[PDB]
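Residue-level structural notes
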Amino acid sequence: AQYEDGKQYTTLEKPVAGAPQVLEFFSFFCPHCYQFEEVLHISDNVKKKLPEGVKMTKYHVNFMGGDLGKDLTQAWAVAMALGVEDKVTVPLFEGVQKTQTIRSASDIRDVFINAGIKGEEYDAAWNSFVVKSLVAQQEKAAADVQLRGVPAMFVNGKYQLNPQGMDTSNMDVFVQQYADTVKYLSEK
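Procedures and definitions
- Residues numbered from 1 in each chain as written, not as in the entry; some residues may be left out.
- Heavy atoms only, no water.
- Disulfide = S-S within 2.5 Å.
- Buried < 20%, exposed > 50% of the residue type's maximum accessible area, 1.4 Å probe, protein only.
- Helix = DSSP H or I, 4+ residues; strand = E, 2+ residues; numbered from the N terminus.
- Contact = heavy atoms within 4.5 Å.
- Polar contact = N/O pair within 3.5 Å; in protein donor to acceptor, adjacent residues only side chain to side chain.
- Expected span 1.5 Å × (residues − 1).
- Arc of directions from axis to C-beta.

As annotated in the PDB entry, the protein is Thiol:disulfide interchange protein from Escherichia coli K-12.

Structure (structure tokens):
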């Protein structure tokens, strides 16, 4: 074939019932995630090629950056709850990996404040049980697929993207190949 198990994707031996259709895992400590978001715009290009009636989910993971890693997962829960993912993703990535001005929960908070979310509104979210379950979901989804690395994408809880098996000579070509694979896996 032209798409073959083990080449552009791998198949999960232990399939995951009821999973989100397109599920992506990242970490703000993850250098390739930085690339995936800021240089490649993977999530967005995948979306551009998905059929619609297709829900796209992105979750943070705990296993990088120790204590701040967890904070970052709670903060992403807050971002999801407030629907401000698009206003913090870039300053969070740059704060962790470019300028290195994120060192504590408080610095994470500053990004939101400067992105216009109100202090009160952030702290309330931060402490809300809706946010707790949202953190729980993120962890549960990671746990369901035996996740030990990011960036990672899963399609219908049964296929995992395999980007090491795609040409990286041209960044645009890498993205299209990636996205087209998601779409093929989507229709499978």
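1. Observations regarding the state of the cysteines
Taken as a whole and judged by the stated rule, the model has one disulfide. Two residues share a disulfide in this structure: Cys30 and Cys33, whose sulfurs sit 2.1 Å from each other. With the S-S dihedral at roughly 80°, the linkage between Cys30 and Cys33 falls on the right-handed side. Both residues of the pair, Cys30 and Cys33, count as buried.

2. Looking at the environment of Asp167
You can see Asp167 is positioned in the loop between β5 (159-161) and α8 (171-187). Considered as a pair, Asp167 and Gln177 are 10 residues apart in the sequence and their alpha carbons are 8.4 Å apart. Filtering out sequence-adjacent residues up to four positions away, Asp167 remains in contact with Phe174 and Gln177. At a separation of 2.7 Å, a polar atom in the side chain of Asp167 contacts the main-chain amide nitrogen of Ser169.

3. Description of helix α4 (residues 85-97)
The end-to-end C-alpha distance of α4, which contains 13 residues, comes to 18 Å, matching closely the 18 Å that a straight helix rising 1.5 Å per residue would cover. Turning to α4, its buried residues number three or more, namely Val88, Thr89, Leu92, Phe93, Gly95 and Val96. Down the axis of α4, the smallest arc covering the buried residues is 165°, so these residues share one side. Seen from the open side of α4, the exposed residues pointing more than 90 degrees away from its buried face are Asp86 and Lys87. Lining the buried residues of α4 we find β2 (22-26), α1 (31-40), α3 (66-82) and α5 (105-114).

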